[PDB]
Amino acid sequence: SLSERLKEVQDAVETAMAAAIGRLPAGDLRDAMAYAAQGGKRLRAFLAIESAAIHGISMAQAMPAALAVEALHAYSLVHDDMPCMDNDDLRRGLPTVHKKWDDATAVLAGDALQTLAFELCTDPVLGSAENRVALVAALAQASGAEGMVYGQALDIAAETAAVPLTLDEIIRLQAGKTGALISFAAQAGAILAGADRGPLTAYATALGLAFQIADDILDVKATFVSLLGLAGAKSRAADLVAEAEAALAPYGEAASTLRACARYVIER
């Protein structure tokens, strides 16, 4: 059951995240962080826990990694919603951090949520120091100027430009903006097991692009719908989900929960 499993992960992450932030000193900065990290479908946390499971690793052992990726995701949104960025008053129908506190508080809460993500990677519950440093390196690659921040920067620049982006450009944007962090989550189980990262990386590359394509289809400047056509976007998204499922053939029947997740990304 993907839905039940998804629900179990959401509930476990919500409780754990609350606690993690709770031990920080009191104040507007902690409340803002706590608020930003509350809720969400928890896709990334799910991929970390699920990919750990495939390598026989418990949720309790995997949790700090799940927390770190949700923390990193949360901070990215806190900043992206800001006026000079995407300028969103609402996130899932509730006021954004910068609206509920101010712009200064949103800068600071996202800054500390990124710091929190990295701190979480150091928790010895995760396992050997060797796997933990590989975890930090992988998070940093995905989140920084080669991954997440780079694709945000491409996307901010795209929002202005009076020449729409090409397919090759929007693919590069999406690989960093969205693709990179999902790939971190998917590989996190392999990192913690000291195992081949290959299949989960390939899975994630396909899943990440299906994810963004699906977003665009529901969303009705170049998009996957404007570039590929509506039926063309839908067909691409389904072909990438099949590519993602095929990437997990090494794992046999144990890949079925991850195969279902890829299908879920586009089944809306």
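In case it trips you up, residue 1 is the first one in the sequence shown, and so on.
Coordinates are absent for 10 or more residues of the deposited sequence placed between residue 220 and residue 221. Comparing 42 to 50 with 25 to 33, the higher mean C-alpha B-factor in the PDB entry belongs to 25 to 33. Look at the mean CA B-factor for 147 to 155 and for 93 to 101 in the entry; the higher one is 93 to 101. Note on the listed residues 74, 162, 109, 165: the highest Cα temperature factor in the record is that of 162.
Out of 226, 212, 235, 201, the entry records its largest CA B-factor for 212. Among the modelled residues of the chain, residue 192 sits in the middle third by CA temperature factor in this PDB entry. In the PDB entry, residue 230 places in the middle third of its chain by CA B-factor. In the deposited entry, the Cα temperature factor of residue 60 sits in the top third of values across the chain's modelled residues. Among all modelled residues in its chain, residue 171 ranks in the middle third by Cα B-factor. Among the modelled residues of its chain, residue 13 has a C-alpha B-factor that falls in the middle third, as given in the PDB entry.
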